[PDB]
file protein-v4.cif (mmCIF, C-alpha atoms)
data_protein
#
loop_
_atom_site.label_atom_id
_atom_site.label_comp_id
_atom_site.auth_asym_id
_atom_site.auth_seq_id
_atom_site.Cartn_x
_atom_site.Cartn_y
_atom_site.Cartn_z
CA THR A 1071 22.12 -16.82 -24.84
CA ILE A 1072 19.85 -18.11 -22.08
CA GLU A 1073 16.25 -18.99 -22.92
CA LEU A 1074 13.22 -20.84 -21.56
CA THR A 1075 11.55 -23.85 -23.17
CA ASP A 1076 8.18 -25.50 -22.61
CA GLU A 1077 9.53 -28.90 -21.57
CA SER A 1078 11.38 -27.21 -18.69
CA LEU A 1079 8.00 -26.99 -16.93
CA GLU A 1080 7.46 -30.73 -17.44
CA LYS A 1081 10.96 -31.45 -16.12
CA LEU A 1082 10.28 -29.28 -13.06
CA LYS A 1083 6.96 -31.07 -12.49
CA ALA A 1084 8.95 -34.18 -11.51
CA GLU A 1085 10.85 -32.15 -8.87
CA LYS A 1086 7.78 -31.58 -6.64
CA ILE A 1087 7.81 -27.83 -7.34
CA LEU A 1088 4.87 -25.79 -6.06
CA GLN A 1089 1.89 -25.62 -8.41
CA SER A 1090 1.54 -21.87 -7.85
CA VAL A 1091 5.20 -21.51 -8.85
CA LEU A 1092 4.40 -23.22 -12.16
CA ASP A 1093 1.31 -21.04 -12.62
CA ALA A 1094 3.43 -17.91 -12.16
CA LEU A 1095 6.14 -19.38 -14.42
CA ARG A 1096 3.70 -19.90 -17.29
CA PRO A 1097 3.90 -16.13 -17.97
CA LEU A 1098 7.66 -16.67 -18.29
CA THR A 1099 7.14 -19.42 -20.87
CA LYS A 1100 4.68 -17.25 -22.81
CA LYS A 1101 6.83 -14.09 -22.61
CA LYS A 1102 9.04 -15.10 -25.59
CA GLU A 1103 11.93 -13.05 -24.19
CA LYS A 1104 15.60 -14.03 -24.52
CA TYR A 1105 17.64 -12.91 -21.53
CA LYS A 1106 21.43 -12.62 -21.41
CA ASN A 1107 22.40 -11.97 -17.76
CA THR A 1108 21.84 -13.90 -14.55
CA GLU A 1109 20.63 -10.80 -12.70
CA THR A 1110 18.11 -9.67 -15.32
CA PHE A 1111 16.61 -13.18 -15.28
CA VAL A 1112 16.58 -13.79 -11.52
CA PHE A 1113 15.11 -10.36 -10.73
CA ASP A 1114 12.35 -10.80 -13.32
CA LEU A 1115 11.63 -14.30 -11.99
CA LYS A 1116 11.29 -12.89 -8.47
CA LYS A 1117 9.05 -10.05 -9.67
CA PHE A 1118 6.71 -12.28 -11.69
CA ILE A 1119 6.54 -15.18 -9.22
CA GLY A 1120 6.36 -12.89 -6.19
CA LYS A 1121 8.73 -10.98 -3.90
CA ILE A 1122 8.54 -11.26 -0.12
CA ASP A 1123 10.15 -7.81 0.20
CA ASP A 1124 7.24 -6.23 -1.69
CA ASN A 1125 4.86 -6.97 1.21
CA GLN A 1126 7.40 -7.73 3.94
CA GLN A 1127 5.88 -5.16 6.31
CA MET A 1128 2.37 -6.54 5.76
CA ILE A 1129 3.60 -10.11 6.30
CA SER A 1130 5.32 -8.95 9.50
CA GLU A 1131 2.14 -7.29 10.79
CA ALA A 1132 -0.06 -10.27 9.91
CA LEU A 1133 2.25 -12.73 11.70
CA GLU A 1134 1.25 -13.86 15.18
CA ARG A 1135 3.28 -12.40 18.04
CA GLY A 1136 4.60 -14.53 20.89
CA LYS A 1137 6.80 -14.33 23.96
CA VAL A 1138 9.68 -11.86 24.34
CA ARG A 1139 13.04 -12.46 26.03
CA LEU A 1140 16.05 -10.22 26.57
CA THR A 1141 19.21 -10.77 24.53
CA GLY A 1142 22.76 -9.63 25.20
CA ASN A 1143 23.42 -9.26 21.47
CA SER A 1144 20.65 -6.65 21.28
CA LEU A 1145 22.47 -4.30 23.67
CA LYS A 1146 25.88 -5.27 22.28
CA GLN A 1147 24.98 -4.19 18.74
CA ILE A 1148 22.75 -1.29 19.88
CA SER A 1149 25.55 0.29 21.96
CA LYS A 1150 26.44 2.26 18.81
CA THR A 1151 23.70 4.77 19.64
CA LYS A 1152 24.74 7.28 22.30
CA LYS A 1153 21.15 8.12 23.29
CA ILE A 1154 20.97 5.22 25.77
CA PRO A 1155 23.26 5.80 28.77
CA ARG A 1156 25.32 2.90 30.09
CA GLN A 1157 23.63 3.25 33.48
CA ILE A 1158 20.35 2.53 31.68
CA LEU A 1159 22.12 -0.50 30.19
CA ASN A 1160 23.07 -1.64 33.70
CA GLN A 1161 19.50 -1.09 34.92
CA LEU A 1162 18.12 -3.26 32.10
CA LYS A 1163 20.84 -5.88 32.64
CA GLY A 1164 19.75 -6.06 36.28
CA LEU A 1165 16.71 -8.04 35.11
CA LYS A 1166 18.84 -10.16 32.80
CA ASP A 1167 17.37 -12.99 30.71
CA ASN A 1168 13.76 -12.13 31.58
CA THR A 1169 11.59 -14.26 29.28
CA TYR A 1170 8.22 -12.51 29.43
CA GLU A 1171 4.89 -14.06 28.50
CA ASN A 1172 4.28 -11.81 25.48
CA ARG A 1173 4.95 -8.34 24.07
CA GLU A 1174 2.55 -6.72 26.55
CA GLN A 1175 4.56 -7.86 29.58
CA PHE A 1176 7.83 -6.65 28.03
CA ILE A 1177 6.27 -3.27 27.20
CA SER A 1178 4.88 -2.93 30.73
CA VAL A 1179 8.25 -3.80 32.29
CA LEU A 1180 10.06 -1.35 30.00
CA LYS A 1181 7.61 1.43 30.86
CA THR A 1182 7.67 0.60 34.59
CA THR A 1183 11.30 -0.27 35.42
CA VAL A 1184 12.63 2.73 33.46
CA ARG A 1185 11.42 6.00 34.97
CA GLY A 1186 12.29 9.68 34.97
CA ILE A 1187 13.82 9.72 31.48
CA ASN A 1188 12.83 10.25 27.85
CA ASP A 1189 11.02 7.43 26.06
CA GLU A 1190 12.53 7.80 22.58
CA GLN A 1191 15.45 5.61 23.64
CA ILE A 1192 12.92 3.11 25.05
CA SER A 1193 11.20 3.04 21.65
CA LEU A 1194 14.55 2.65 19.87
CA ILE A 1195 15.34 -0.32 22.13
CA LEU A 1196 12.35 -2.07 20.50
CA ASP A 1197 14.19 -2.07 17.14
CA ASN A 1198 16.29 -5.14 17.96
CA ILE A 1199 14.06 -7.16 20.31
CA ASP A 1200 13.93 -10.96 20.08
CA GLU A 1201 10.25 -11.77 19.51
CA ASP A 1202 8.92 -15.24 18.73
CA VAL A 1203 7.13 -15.98 15.45
CA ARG A 1204 4.04 -18.20 15.24
CA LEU A 1205 2.26 -19.33 12.07
CA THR A 1206 -1.47 -20.06 12.26
CA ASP A 1207 -4.35 -20.53 9.84
CA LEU A 1208 -5.92 -17.16 10.69
CA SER A 1209 -2.74 -15.24 9.86
CA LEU A 1210 -2.44 -17.02 6.50
CA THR A 1211 -6.13 -16.32 5.84
CA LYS A 1212 -5.55 -12.62 6.51
CA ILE A 1213 -2.50 -12.69 4.23
CA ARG A 1214 -4.61 -14.27 1.47
CA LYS A 1215 -7.29 -11.63 2.04
CA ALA A 1216 -4.52 -9.02 1.64
CA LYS A 1217 -4.59 -9.71 -2.16
CA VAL A 1218 -1.03 -11.12 -2.17
CA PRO A 1219 -0.16 -13.79 -4.78
CA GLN A 1220 -1.34 -17.24 -3.75
CA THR A 1221 2.20 -18.64 -3.97
CA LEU A 1222 3.16 -16.56 -0.92
CA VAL A 1223 0.49 -18.21 1.23
CA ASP A 1224 1.20 -21.63 -0.29
CA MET A 1225 4.90 -21.55 0.57
CA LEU A 1226 4.19 -19.95 3.96
CA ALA A 1227 1.99 -22.95 4.74
CA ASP A 1228 4.73 -25.20 3.35
CA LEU A 1229 7.03 -23.53 5.92
CA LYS A 1230 4.76 -24.42 8.85
CA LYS A 1231 6.69 -24.72 12.12
CA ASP A 1232 5.37 -25.48 15.60
CA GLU A 1233 8.65 -24.52 17.28
CA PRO A 1234 8.84 -20.79 18.10
CA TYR A 1235 11.47 -18.74 16.29
CA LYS A 1236 14.12 -16.92 18.31
CA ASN A 1237 13.37 -13.64 16.52
CA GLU A 1238 11.57 -12.31 13.46
CA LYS A 1239 14.89 -11.72 11.68
CA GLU A 1240 15.63 -15.45 11.87
CA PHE A 1241 12.22 -16.22 10.35
CA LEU A 1242 12.88 -13.74 7.53
CA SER A 1243 16.31 -15.29 6.96
CA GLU A 1244 14.77 -18.77 6.79
CA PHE A 1245 12.18 -17.51 4.29
CA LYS A 1246 14.95 -15.93 2.20
CA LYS A 1247 16.88 -19.21 2.24
CA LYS A 1248 13.74 -21.10 1.19
CA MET A 1249 13.03 -18.80 -1.74
CA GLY A 1250 16.69 -18.84 -2.77
CA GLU A 1251 16.65 -22.65 -2.73
CA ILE A 1252 13.51 -22.65 -4.89
CA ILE A 1253 15.11 -20.15 -7.29
CA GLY A 1254 18.27 -22.26 -7.52
CA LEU A 1255 16.23 -25.40 -8.21
CA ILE A 1256 14.43 -23.50 -10.98
CA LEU A 1257 17.68 -22.23 -12.51
CA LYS A 1258 19.13 -25.76 -12.41
CA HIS A 1259 16.72 -26.58 -15.27
CA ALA A 1260 17.48 -23.53 -17.44
CA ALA A 1261 17.75 -23.60 -21.24
CA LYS A 1262 20.29 -25.87 -22.96
CA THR A 1263 22.35 -23.54 -25.13
CA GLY A 1264 25.43 -25.34 -23.76
CA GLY A 1265 27.56 -22.20 -23.57
#
call {"tool": "encode", "arguments": {"input": "protein-v4.cif", "output": "structure tokens"}}
result
Amino acid sequence: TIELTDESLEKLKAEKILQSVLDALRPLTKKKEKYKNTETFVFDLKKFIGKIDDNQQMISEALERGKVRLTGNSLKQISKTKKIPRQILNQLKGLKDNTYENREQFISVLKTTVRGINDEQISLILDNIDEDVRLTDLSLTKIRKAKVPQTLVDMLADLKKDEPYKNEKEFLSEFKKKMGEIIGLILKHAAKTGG
């Protein structure tokens, strides 16, 4: 049977774990609950410490928005939908690899270059756009004002990056990898039943 013991926190303290992580883990120490499965422990740890998927949309909205560039993979994996004609695909590929200044320029080009056709396909094209991600102090301040757990903002600041991300999905994947690494480091110091 897996458990949790008080000295596990002291052992983790030598691993440079986030202080907010320890503050959220203190509930786990005081819960006096004996788990038996990996899933029922990991899911509860994510819930108590804080889940990015709970406020993923809010985090996405609060994030700064940067430049937009066209990607061949976007059309390649959006060709499943039959709404967009292949002549529209050729028209968009005519201005291939157009790295616009920001989202406004891309929106203006999409509304201007494409004409005499319905705009629902234009809106659906925006589903898989490569948009850069920027992290600033004001966005983190807004996130903190959004009543999210402080560990979210702490680890977001710990993931500060000046280089612009290729797309938001890559930033989310990096965040998922970071939280998975933290979870694995935590589980490395689990109870010592020995079985």
call {"tool": "axis_aligned_box", "arguments": {"input": "protein-v4.cif", "around": "segment 1220-1228 of chain A", "padding_each_side": "3 Å", "output": "lines of an AutoDock Vina configuration file"}}
result
center_x = 1.8
center_y = -20.9
center_z = 0.4
size_x = 12.2
size_y = 14.6
size_z = 14.7
call {"tool": "residues_around", "arguments": {"input": "protein-v4.cif", "residues": "residue 1151 of chain A", "least_positions_apart": "3", "cutoff": "12 Å", "atoms": "all atoms listed in the file", "output": "list in words"}}
result
residues 1144, 1145, 1146, 1147, 1148, 1154, 1155, 1156, 1159, 1190, 1191, 1194, 1195 and 1197 of chain A
call {"tool": "atom_distance", "arguments": {"input": "protein-v4.cif", "atom1": "atom CA of residue 1249 of chain A", "atom2": "atom CA of residue 1112 of chain A"}}
result
11.5 Å
call {"tool": "closest_atom_pairs", "arguments": {"input": "protein-v4.cif", "of": "segment 1119-1158 of chain A", "to": "segment 1164-1167 of chain A", "cutoff": "12 Å", "atoms": "only C-alpha atoms", "output": "tab-separated table"}}
result
residue	atom	partner	partner_atom	distance
A:1138	CA	A:1167	CA	10.0
A:1139	CA	A:1167	CA	6.4
A:1140	CA	A:1167	CA	5.2
A:1141	CA	A:1167	CA	6.8
A:1142	CA	A:1167	CA	8.4
A:1143	CA	A:1167	CA	11.7
A:1144	CA	A:1167	CA	11.8
A:1145	CA	A:1166	CA	11.4
A:1157	CA	A:1164	CA	10.5
A:1158	CA	A:1164	CA	9.8
call {"tool": "write_last_selection", "arguments": {"input": "protein-v4.cif", "atoms": "C-alpha atoms", "output": "PDB file, in the coordinates of the input"}}
result
ATOM      1  CA  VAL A1138       9.680 -11.860  24.340  1.00  0.00           C
ATOM      2  CA  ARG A1139      13.040 -12.460  26.030  1.00  0.00           C
ATOM      3  CA  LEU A1140      16.050 -10.220  26.570  1.00  0.00           C
ATOM      4  CA  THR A1141      19.210 -10.770  24.530  1.00  0.00           C
ATOM      5  CA  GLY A1142      22.760  -9.630  25.200  1.00  0.00           C
ATOM      6  CA  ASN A1143      23.420  -9.260  21.470  1.00  0.00           C
ATOM      7  CA  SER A1144      20.650  -6.650  21.280  1.00  0.00           C
ATOM      8  CA  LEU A1145      22.470  -4.300  23.670  1.00  0.00           C
ATOM      9  CA  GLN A1157      23.630   3.250  33.480  1.00  0.00           C
ATOM     10  CA  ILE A1158      20.350   2.530  31.680  1.00  0.00           C
TER      11      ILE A1158
END
call {"tool": "resolve_selection", "arguments": {"input": "protein-v4.cif", "expression": "the PyMOL selection byres ((chain A and resi 1210-1223) around 10)", "output": "VMD selection string"}}
result
chain A and resid 1088 to 1094 1118 to 1122 1124 to 1125 1128 to 1129 1131 to 1134 1205 to 1209 1224 to 1229
call {"tool": "resolve_selection", "arguments": {"input": "protein-v4.cif", "expression": "the PyMOL selection byres ((chain A and resi 1170) around 12)", "output": "list in words"}}
result
residues 1136, 1137, 1138, 1139, 1140, 1165, 1166, 1167, 1168, 1169, 1171, 1172, 1173, 1174, 1175, 1176, 1177, 1178, 1179, 1180, 1200, 1201 and 1202 of chain A
call {"tool": "atom_distance", "arguments": {"input": "protein-v4.cif", "atom1": "atom CA of residue 1248 of chain A", "atom2": "atom CA of residue 1105 of chain A"}}
result
24.5 Å
call {"tool": "closest_residue", "arguments": {"input": "protein-v4.cif", "among": "A:1255, A:1153, A:1238, A:1250", "to": "residue 1087 of chain A", "atoms": "only C-alpha atoms"}}
result
A:1255
call {"tool": "residues_around", "arguments": {"input": "protein-v4.cif", "residues": "segment 1074-1081 of chain A", "least_positions_apart": "5", "cutoff": "12 Å", "atoms": "only C-alpha atoms", "output": "PyMOL selection string"}}
result
chain A and resi 1086-1089+1091-1106+1111+1115+1255-1263
call {"tool": "write_last_selection", "arguments": {"input": "protein-v4.cif", "atoms": "C-alpha atoms", "output": "mmCIF file, keeping the file's coordinate frame"}}
result
data_model
loop_
_atom_site.group_PDB
_atom_site.id
_atom_site.type_symbol
_atom_site.label_atom_id
_atom_site.label_comp_id
_atom_site.auth_asym_id
_atom_site.auth_seq_id
_atom_site.Cartn_x
_atom_site.Cartn_y
_atom_site.Cartn_z
ATOM 1 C CA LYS A 1086 7.780 -31.580 -6.640
ATOM 2 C CA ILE A 1087 7.810 -27.830 -7.340
ATOM 3 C CA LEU A 1088 4.870 -25.790 -6.060
ATOM 4 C CA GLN A 1089 1.890 -25.620 -8.410
ATOM 5 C CA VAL A 1091 5.200 -21.510 -8.850
ATOM 6 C CA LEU A 1092 4.400 -23.220 -12.160
ATOM 7 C CA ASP A 1093 1.310 -21.040 -12.620
ATOM 8 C CA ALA A 1094 3.430 -17.910 -12.160
ATOM 9 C CA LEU A 1095 6.140 -19.380 -14.420
ATOM 10 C CA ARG A 1096 3.700 -19.900 -17.290
ATOM 11 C CA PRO A 1097 3.900 -16.130 -17.970
ATOM 12 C CA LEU A 1098 7.660 -16.670 -18.290
ATOM 13 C CA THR A 1099 7.140 -19.420 -20.870
ATOM 14 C CA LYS A 1100 4.680 -17.250 -22.810
ATOM 15 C CA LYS A 1101 6.830 -14.090 -22.610
ATOM 16 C CA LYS A 1102 9.040 -15.100 -25.590
ATOM 17 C CA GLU A 1103 11.930 -13.050 -24.190
ATOM 18 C CA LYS A 1104 15.600 -14.030 -24.520
ATOM 19 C CA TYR A 1105 17.640 -12.910 -21.530
ATOM 20 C CA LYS A 1106 21.430 -12.620 -21.410
ATOM 21 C CA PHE A 1111 16.610 -13.180 -15.280
ATOM 22 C CA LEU A 1115 11.630 -14.300 -11.990
ATOM 23 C CA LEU A 1255 16.230 -25.400 -8.210
ATOM 24 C CA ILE A 1256 14.430 -23.500 -10.980
ATOM 25 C CA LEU A 1257 17.680 -22.230 -12.510
ATOM 26 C CA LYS A 1258 19.130 -25.760 -12.410
ATOM 27 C CA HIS A 1259 16.720 -26.580 -15.270
ATOM 28 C CA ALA A 1260 17.480 -23.530 -17.440
ATOM 29 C CA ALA A 1261 17.750 -23.600 -21.240
ATOM 30 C CA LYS A 1262 20.290 -25.870 -22.960
ATOM 31 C CA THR A 1263 22.350 -23.540 -25.130
#
call {"tool": "atom_distance", "arguments": {"input": "protein-v4.cif", "atom1": "atom CA of residue 1241 of chain A", "atom2": "atom CA of residue 1161 of chain A"}}
result
29.8 Å
call {"tool": "decode", "arguments": {"input": "protein-v4.cif", "residues": "segment 1207-1260 of chain A", "atoms": "C-alpha atoms", "output": "PDB file, in the first residue's frame"}}
result
ATOM      1  CA  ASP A1207       4.787  40.434 -16.105  1.00  0.00           C
ATOM      2  CA  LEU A1208       1.384  41.961 -16.923  1.00  0.00           C
ATOM      3  CA  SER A1209      -0.020  38.650 -18.184  1.00  0.00           C
ATOM      4  CA  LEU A1210       1.155  36.856 -15.037  1.00  0.00           C
ATOM      5  CA  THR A1211      -0.328  39.654 -12.918  1.00  0.00           C
ATOM      6  CA  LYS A1212      -3.679  39.209 -14.676  1.00  0.00           C
ATOM      7  CA  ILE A1213      -3.439  35.440 -14.153  1.00  0.00           C
ATOM      8  CA  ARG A1214      -2.804  36.005 -10.440  1.00  0.00           C
ATOM      9  CA  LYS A1215      -5.761  38.407 -10.315  1.00  0.00           C
ATOM     10  CA  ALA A1216      -7.831  35.613 -11.922  1.00  0.00           C
ATOM     11  CA  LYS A1217      -7.851  33.828  -8.499  1.00  0.00           C
ATOM     12  CA  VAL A1218      -5.817  30.863  -9.801  1.00  0.00           C
ATOM     13  CA  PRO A1219      -3.547  29.009  -7.340  1.00  0.00           C
ATOM     14  CA  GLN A1220      -0.255  30.811  -6.807  1.00  0.00           C
ATOM     15  CA  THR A1221       1.729  27.751  -7.927  1.00  0.00           C
ATOM     16  CA  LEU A1222       0.439  28.284 -11.477  1.00  0.00           C
ATOM     17  CA  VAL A1223       1.918  31.789 -11.645  1.00  0.00           C
ATOM     18  CA  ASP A1224       5.083  30.675  -9.839  1.00  0.00           C
ATOM     19  CA  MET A1225       5.856  27.903 -12.322  1.00  0.00           C
ATOM     20  CA  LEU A1226       4.780  30.080 -15.262  1.00  0.00           C
ATOM     21  CA  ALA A1227       7.403  32.605 -14.145  1.00  0.00           C
ATOM     22  CA  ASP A1228       9.848  29.719 -13.693  1.00  0.00           C
ATOM     23  CA  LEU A1229       9.128  28.884 -17.360  1.00  0.00           C
ATOM     24  CA  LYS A1230      10.083  32.375 -18.566  1.00  0.00           C
ATOM     25  CA  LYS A1231      11.318  32.362 -22.168  1.00  0.00           C
ATOM     26  CA  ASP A1232      12.421  35.297 -24.312  1.00  0.00           C
ATOM     27  CA  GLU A1233      12.408  33.229 -27.510  1.00  0.00           C
ATOM     28  CA  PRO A1234       8.987  33.186 -29.218  1.00  0.00           C
ATOM     29  CA  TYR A1235       7.189  29.860 -29.425  1.00  0.00           C
ATOM     30  CA  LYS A1236       6.289  28.439 -32.825  1.00  0.00           C
ATOM     31  CA  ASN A1237       2.655  27.945 -31.780  1.00  0.00           C
ATOM     32  CA  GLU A1238       0.489  27.871 -28.672  1.00  0.00           C
ATOM     33  CA  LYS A1239       0.222  24.075 -28.856  1.00  0.00           C
ATOM     34  CA  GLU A1240       3.997  23.810 -28.436  1.00  0.00           C
ATOM     35  CA  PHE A1241       3.827  26.056 -25.361  1.00  0.00           C
ATOM     36  CA  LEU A1242       1.060  23.892 -23.893  1.00  0.00           C
ATOM     37  CA  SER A1243       3.099  20.761 -24.636  1.00  0.00           C
ATOM     38  CA  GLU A1244       6.137  22.274 -22.904  1.00  0.00           C
ATOM     39  CA  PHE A1245       3.990  23.167 -19.887  1.00  0.00           C
ATOM     40  CA  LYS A1246       2.610  19.616 -19.803  1.00  0.00           C
ATOM     41  CA  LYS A1247       6.148  18.216 -19.930  1.00  0.00           C
ATOM     42  CA  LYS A1248       7.200  20.544 -17.101  1.00  0.00           C
ATOM     43  CA  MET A1249       4.315  19.525 -14.848  1.00  0.00           C
ATOM     44  CA  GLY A1250       4.868  15.854 -15.680  1.00  0.00           C
ATOM     45  CA  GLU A1251       8.538  16.195 -14.752  1.00  0.00           C
ATOM     46  CA  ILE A1252       7.566  17.827 -11.449  1.00  0.00           C
ATOM     47  CA  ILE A1253       5.028  15.058 -10.779  1.00  0.00           C
ATOM     48  CA  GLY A1254       7.618  12.379 -11.541  1.00  0.00           C
ATOM     49  CA  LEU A1255      10.139  14.031  -9.230  1.00  0.00           C
ATOM     50  CA  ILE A1256       7.477  14.064  -6.505  1.00  0.00           C
ATOM     51  CA  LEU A1257       6.591  10.395  -7.043  1.00  0.00           C
ATOM     52  CA  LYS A1258      10.287   9.467  -6.929  1.00  0.00           C
ATOM     53  CA  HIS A1259      10.113  10.177  -3.176  1.00  0.00           C
ATOM     54  CA  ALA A1260       6.926   8.207  -2.439  1.00  0.00           C
TER      55      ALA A1260
END
